[PDB]
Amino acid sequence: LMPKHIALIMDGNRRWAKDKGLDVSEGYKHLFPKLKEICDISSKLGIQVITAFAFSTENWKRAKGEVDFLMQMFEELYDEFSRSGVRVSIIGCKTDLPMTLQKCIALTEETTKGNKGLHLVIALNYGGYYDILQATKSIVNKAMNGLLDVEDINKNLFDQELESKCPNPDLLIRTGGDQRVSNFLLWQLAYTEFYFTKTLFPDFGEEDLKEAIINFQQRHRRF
């Protein structure tokens, strides 16, 4: 009874650093090494997909110094994952990102595209509204060019047009104590089981992941 697709809201990094008396940048430096560790663990448990929320469409509203740091820091994707054995995809609006980050992201996707193990989907400049809106625009355009009728518009069509693809998350884990999805995968989370923990992302370990999975299994047996 292992979940095939886990979604992760990787919250608590800033709080982790501030509570420790560290610069906020120190919390953020743990983001990808921690995600990489979670991928290795999950891969060995048989988990096939992880979709991880790294930067929302709202996070542009953060302090420019933190946003610039993050945007620079995200360029380390390639070193972290290029030779890790994980298949990496990024979802979200890539064209807002600095061109060098766009290049770095394309490079990571390209070099890992033939990896056969765990598929890691990183949501970067992503929001559920915006996923649904781009899909809708795509459906309207196809209707406007005679490629589809109004009767063709169904769940399956949306599933094809959305950025985060089937199969949908079985389990969502959010670190950092808040019980919200914060405009992550709205359509895709319709039947996903939620697990919320006060544990901050940089403290989230193997034992924390196993507790979440155990909790999912019990809930799956019940429901």
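The numbering used is simple: start at 1 and walk along the sequence shown.
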* To do: State whether residue 33, though modelled here, is left unmodelled in a third or more of the other entries compared.
  => no
Exercise. Is residue 174 missing in a third or more of the other PDB entries that were compared?
Worked result: no
When mean C-alpha B-factors in the record are compared for 68 to 76 and 129 to 137, the larger belongs to 68 to 76
Comparing 194 to 202 with 44 to 52, the higher average Cα temperature factor in the PDB entry belongs to 44 to 52
The residue of 153, 124, 88, 106 with the maximal C-alpha B-factor according to the PDB record is 153
Max C-alpha B-factor within the set 63, 189, 173, 38 falls on 63
Here the Cα B-factor of residue 114, set against its chain, lands in the third termed highest
Residue 13: CA B-factor among chain residues, third -> lowest
Here the Cα B-factor of residue 23, set against its chain, lands in the third termed middle
Residue 99: CA temperature factor from the record, placed by chain third, in the middle
